[PDB]
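What follows is one structure encoded as structure tokens, with my remarks underneath.
Any value given below was found using the heavy atoms of this structure, including those in side chains, with hydrogens, waters and symmetry copies removed. A note on names: the letters A, B, ... follow the listed sequences, proteins ahead of strands, and every chain is numbered from 1.
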2 protein chains.
Amino acid sequence: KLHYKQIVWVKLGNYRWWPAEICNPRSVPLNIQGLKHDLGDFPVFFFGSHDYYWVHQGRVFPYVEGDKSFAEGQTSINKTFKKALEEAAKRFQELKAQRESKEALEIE
Amino acid sequence: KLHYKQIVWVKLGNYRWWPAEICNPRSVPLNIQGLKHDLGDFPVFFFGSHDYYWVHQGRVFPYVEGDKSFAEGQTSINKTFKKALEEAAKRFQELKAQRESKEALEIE
């Protein structure tokens with residue numbers, strides 16, 4: 001039952017959700033009003049980043065006190081990302097070291 | 001110039017990128033081989049989460065030593081997310097407190 005001033009979750013992609021507040025389009029700044037958007041979008045204000053964007057109604061769901069479903073989902077993905085960076089940097093060097101080692105063996 | 005065993009960045013959505021390694025489809029497990037996917041996808045292995053998925057060639061870019069563009073982009077978005085959660089929880093309570101206060105005034 002979406003409405004202006006409501007706190008909501010916005011799907012930014014399949015692996016990214018973000019809390020925001022739905023804006024009345026009559027209330028946002030002129031330069032936000034004039035941003036091209038798809039017919040039937042409404043504006044939200046994203047917390048943390050503090051910027052406005054027009055969004056599809058299909059990508060916006062109510063923020064419900066207590067239900068940390070979206071929040072915990074996001075933080076635990078975001079945490080794993082750190083591990084992912086170190087693993088990839090590690091794998092990248094091993095693979096590079098192998099490539100370099102074979103290359104060295106091909107040069108007299 | 002993508003190839004098997006290459007370390008890459010995968011766009012999971014517009015606000016999510018993830019490091020992975022491209023797999024030879026002949027080398028991944030049977031149950032990954034048999035997962036329905038779009039024609040012209042290839043499999044990657046995602047670091048951190050350690051799971052395989054079939055991806056569109058258009059969403060995969062080389063991981064380049066030194067170029068922390070994707071990495072820094074992701075972590076700084078991921079950091080802001082924390083601020084976003086606290087801001088939204090704060091705003092949600094204020095708005096709720098207002099709604100509750102008006103409701104109280106309407107009941108004798």
Side-chain angles (χ1 to χ4, degrees), chain A residues 2-10 12-25 27-29 31-35 37-52 54-66 70-78 81, chain B residues 9-10 12-18 35 37-41 44 46 54-61 70 72-78 80-81 84-100 103:
Chain A
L2 305 182
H3 49 92
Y4 302 141
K5 312 291 178 70
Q6 186 175 11
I7 310 300
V8 293
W9 289 97
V10 188
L12 301 169
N14 300 320
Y15 292 89
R16 188 79 73 170
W17 285 84
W18 208 274
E21 181 171 349
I22 298 176
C23 306
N24 187 332
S27 296
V28 307
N31 76 310
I32 304 305
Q33 293 175 329
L35 284 176
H37 55 274
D38 290 337
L39 188 63
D41 290 1
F42 50 77
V44 301
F45 173 80
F46 293 101
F47 298 108
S49 57
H50 320 130
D51 39 32
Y52 300 84
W54 291 90
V55 298
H56 307 325
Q57 69 181 187
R59 281 172 38 247
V60 179
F61 297 82
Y63 182 104
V64 170
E65 185 173 11
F70 294 100
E72 286 160 16
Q74 291 295 301
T75 84
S76 81
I77 298 167
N78 287 343
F81 179 72
Chain B
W9 289 97
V10 188
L12 301 169
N14 300 320
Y15 292 89
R16 188 79 73 170
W17 285 84
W18 208 274
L35 284 176
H37 55 274
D38 290 337
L39 188 63
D41 290 1
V44 301
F46 293 101
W54 291 90
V55 298
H56 307 325
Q57 69 181 187
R59 281 172 38 247
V60 179
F61 297 82
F70 294 100
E72 286 160 16
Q74 291 295 301
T75 84
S76 81
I77 298 167
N78 287 343
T80 309
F81 179 72
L85 293 174
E86 58 207 10
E87 291 188 354
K90 190 143 201 304
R91 184 62 56 77
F92 179 87
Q93 288 307 324
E94 300 166 353
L95 293 174
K96 189 180 149 191
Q98 294 179 51
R99 178 182 54 75
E100 279 171 343
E103 280 167 356

Between OG1 of A:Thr75 and CZ of A:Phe70, what distance do you get to the nearest 0.5 Å?
-> 14.0 Å
Value rounded to 0.5 Å, distance of NZ in A:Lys5 from CG in A:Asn24 = 7.5 Å
Which atom pair, heavy atoms only, marks the closest approach of A:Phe47 to A:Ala20?
-> CE1-C, 3.4 Å
Measure the shortest side-chain to side-chain distance between A:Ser27 and A:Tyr4 over non-hydrogen atoms and say whether it is less than 4.5 angstrom.
-> no
B:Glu103/B:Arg99 ion pair, N-O < 4.0 Å = yes
When the aromatic ring centroids of A:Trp17 and A:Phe61 are compared, is their separation below 6.0 Å?
-> yes
For A:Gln74 and A:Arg16, the nearest pair of non-hydrogen atoms, with its separation, is OE1-CA, 3.5 Å
Approximate separation, where rounding is to 0.5 Å, of A:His37 NE2 and A:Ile32 CD1 = 11.0 Å
Straight-line distance of B:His56 NE2 to B:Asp38 CG, nearest 0.5 Å | 4.5 Å
Specify the closest pair of heavy atoms between B:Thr80 and A:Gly48, including all atoms of both residues, with the distance to one decimal.
-> CG2-C, 3.5 Å
Search all heavy atoms of A:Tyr15 against all heavy atoms of A:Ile77 and return the closest pair with its distance.
-> O-CD1, 4.2 Å
So, B:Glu94 and B:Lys90, do they make that salt bridge, N to O below 4.0 Å?
-> yes
Do B:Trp18 and B:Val44 come close enough that some side-chain heavy atom pair is under 4.5 Å?
-> no
Distance, nearest 0.5 Å, that separates CG of A:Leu2 from CD1 of A:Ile22 | 4.5 Å
How many angstroms lie between CD in A:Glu21 and CZ in B:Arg91, if you round to the nearest 0.5 Å?
-> 5.0 Å
Determine the minimum heavy-atom distance between A:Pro62 and A:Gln6, stating which atoms define it.
-> CB-NE2, 3.7 Å
At their closest point, which heavy atom of B:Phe46 faces which heavy atom of B:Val10, and how far apart are they?
-> CE2-CB, 3.9 Å
Look at the rings of B:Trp9 and A:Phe81 and say which category their plane angle falls in: under 30° parallel, 30 to 60° tilted, over 60° perpendicular.
-> tilted
